[PDB]
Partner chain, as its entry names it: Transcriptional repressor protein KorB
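A single chain comes next, written as structure tokens; it is the form deposited without its partner chain.
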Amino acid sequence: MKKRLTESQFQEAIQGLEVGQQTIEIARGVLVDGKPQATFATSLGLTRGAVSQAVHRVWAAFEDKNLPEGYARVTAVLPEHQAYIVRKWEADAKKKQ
């Protein structure tokens, strides 16, 4: 019920995004129009898991585009201490609330 976009936010999310029209329609109805995921499961004959994933794809896409300014995602295999530091960097940024 919580977790939502504007049309403008939504349009950003789906720009470039490689997904079909069903996914788009489901995500808009849920994220923009505040309708329950369950009415799309029912109406489309789909499990609730499928609908949660559809909504998730558009959600995730929006987040990947709204990372704090200047910030980058990074992944790497690191030795223990260097890995610990990344954990601490993040965790100290989470305990910045």
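Positions refer to the first chain, counted from 1. Rigid core here is just the name for the largest C-alpha set that superposes within 1.5 Å across the two forms.
The deposited model assigns a higher average Cα B-factor to 79-87 than to the other stretch when 79-87 and 18-26 are compared. Note on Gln37, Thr47, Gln53, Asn66: the highest value goes to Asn66, judged by CA B factor as recorded.
A second form of this protein, the form deposited with its partner chain bound, is not displayed here; the remarks below concern that form.
Here the marked residues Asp33, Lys35 and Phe40 all miss its partner chain in the deposited complex; none has a heavy atom within 4.5 angstroms. By the criterion of a heavy atom within 4.5 Å, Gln9 is excluded from the residues contacting its partner chain in the deposited complex. Annotation for 44-81: interface residues with its partner chain in the deposited complex are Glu80, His81 [heavy atom within 4.5 Å]. After superposition on the rigid core, displacement of the C-alpha of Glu7 between this form and the one not shown stays below 2 Å. When the rigid core is held fixed, the Cα atom of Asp33 travels less than 2 angstroms between this form and the one not shown. When the rigid core is held fixed, the Cα atom of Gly70 travels 2 angstroms or more between this form and the one not shown.
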